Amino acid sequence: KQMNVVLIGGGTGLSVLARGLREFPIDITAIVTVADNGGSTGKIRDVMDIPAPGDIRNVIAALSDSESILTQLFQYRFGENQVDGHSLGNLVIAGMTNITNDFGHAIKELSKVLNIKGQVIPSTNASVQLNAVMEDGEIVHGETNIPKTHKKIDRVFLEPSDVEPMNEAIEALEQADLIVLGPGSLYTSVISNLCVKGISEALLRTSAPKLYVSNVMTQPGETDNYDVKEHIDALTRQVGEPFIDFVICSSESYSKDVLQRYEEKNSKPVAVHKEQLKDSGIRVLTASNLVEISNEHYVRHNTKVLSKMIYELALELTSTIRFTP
């Protein structure tokens, strides 16, 4: 009965969006990058050879009952003075992986124990690192160093590169009503999944339409000076052919104070250029309240609005049409 939406990403963009979509009658599948090597995750991957648990942990938690004892434990973190400030959920994922000898199977077992509504699937079961080639040709190693340089990223890639997707991710892409990429860091959260060759191939094979959710602001070290089309072109480069049908973005202008706050952090609004996009056959979707703005001049997506737009798009794509039989 329910519609199937597949989210591809990583980070708080994905976990916040997944929780927002939980408010609608849709079966959510999230395909989540396992390449990070910093913070919580880096602490555990130094200890043991395991794919990154952190982004996946947050997405599992987003699809579960946040008030539950088990979700509270899963999202608990020790202070730096206890157990090296580990995430207890990451430790549980690690233990589960030692038990199953299989990260993907550990994620399946834990998802069931946490009684989530949806599914969360690693982009790959393999232990990988994300690397970048800079515009000048410099190679940067590890997800943590990629934005902490100061050059244009030309491309990102995985080491080892020969890695396979999970069967369940491919099946979800094949059978989706709608596939959503982003919002999140373009290279480290979104494209990092597309670096898994079988995921990119599935995207091109499937007739499910693909939506990109644009970032509000450019991201220092990943997307400096990118307009919306440049973000899409980076996706296209990785995948091999154009494939995005829809983009959610706002072409609103921001107050002097907002622009100032983001200039100080070396960040500007992502420019839309809606005519260029329509010429490329990409449909632009917006709403007047897509973006929320704090009293301190920070901006973010309004989760309720973004979620509803996604659900309403899936609904429209699955609706009756006009033809004569």
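Numbering starts at 1 and runs along the sequence shown.
Averaged over Cα atoms, the B-factor as recorded in the entry is higher for 141 to 149 than for the other of 202 to 210 and 141 to 149.
When the C-alpha B-factors of 221 to 229 and 126 to 134 are averaged, 221 to 229 comes out higher.
Looking only at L290, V258, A61, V34, the residue with the top Cα B factor in the deposited structure is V258.
Based on the entry's C-alpha B-factors, the most elevated value among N115, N193, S251, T71 belongs to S251.
In this PDB entry, the Cα temperature factor of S87 sits in the bottom third of its chain's modelled residues, the lowest group. Annotation for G20: CA B-factor lies in the lowest third of the chain's modelled residues. Sorting the modelled residues of the chain by their CA temperature factor places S161 in the highest third. Annotation for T286: C-alpha temperature factor in the lowest third relative to the rest of the modelled chain, per the entry.
Among all modelled residues in this chain, the alpha-carbon of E109 has a temperature factor (C-alpha) in the lowest third.
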